[PDB]
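Colleague: please find the sequence and an experimentally derived structure below.
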Amino acid sequence: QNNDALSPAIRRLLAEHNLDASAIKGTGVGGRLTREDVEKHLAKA
């Protein structure tokens, strides 16, 4: 029913910047994490 909030690309990206999706908010289909949320989280970090 509810797909995984973490995506393959987002995971690699997150691990790259030592970030965690937990700190990032997902605005995808159902509230999942998106490249926009990851890149945005770093823009302020």
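Modeller: Thanks, I have the structure now. Numbering: from 1, shown residues only.

Colleague: all the helices of the protein, in order from the start?
Modeller: All helices of the chain, identified by DSSP state H, fall at 8-16, 35-44.

Colleague: mind checking those for the one nearest to residue 24?
Modeller: helix 35-44 (4.5 Å; CB to CB). C-beta: built from backbone N, CA, C; applies to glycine.

Colleague: so which elements touch that closest one?
Modeller: If you count contacts as 3 or more CB pairs under 8 Å, 6 or more residues apart in numbering; DSSP states H and E, helix 35-44 packs onto helix 8-16.

Colleague: extract the C-alpha trace of the helix it packs on and format it as CSV.
Modeller: Extracted C-alpha coordinates of helix 8-16, given in CSV (Å, rounded to 0.1, in the frame of the first residue of the first chain):
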residue,chain,number,x,y,z
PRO,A,8,17.6,4.4,-4.6
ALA,A,9,18.9,7.7,-5.9
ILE,A,10,18.0,9.6,-2.7
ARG,A,11,19.8,7.0,-0.6
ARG,A,12,23.0,7.4,-2.6
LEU,A,13,22.7,11.2,-2.5
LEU,A,14,22.0,11.1,1.2
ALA,A,15,24.9,8.8,2.0
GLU,A,16,27.1,11.1,-0.2
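
Colleague: skipping adjacent residues, who's closest to residue 25 in space?
Modeller: Spatial nearest neighbour of residue 25, chain neighbours left out: residue 37 (5.8 Å); criterion: CB to CB, 6 or more residues apart in numbering.

Colleague: wouldn't the one you found be in contact with residue 24 here?
Modeller: Yes. Contact criterion CB atoms under 8 Å: residue 37 and residue 24 qualify, at 4.9 Å.

Colleague: who has more neighbours, the two?
Modeller: Between residue 37 and residue 24, counted using other CB atoms under 10 Å, residue 24 has the larger neighbour count: 23 against 17.

Colleague: distance of the residue nearest to that one when sequence neighbours are not counted relative to residue 32?
Modeller: Of all residues not flanking residue 24 in the chain, residue 41 sits nearest, at 4.5 Å (CB to CB, 6+ apart). Applying CB to CB, to the nearest Å, the value for residue 41 to residue 32 is 14 Å.

Colleague: again, but for residue 23
Modeller: Counting by CB to CB, the gap from residue 23 to residue 32 is 15 Å.
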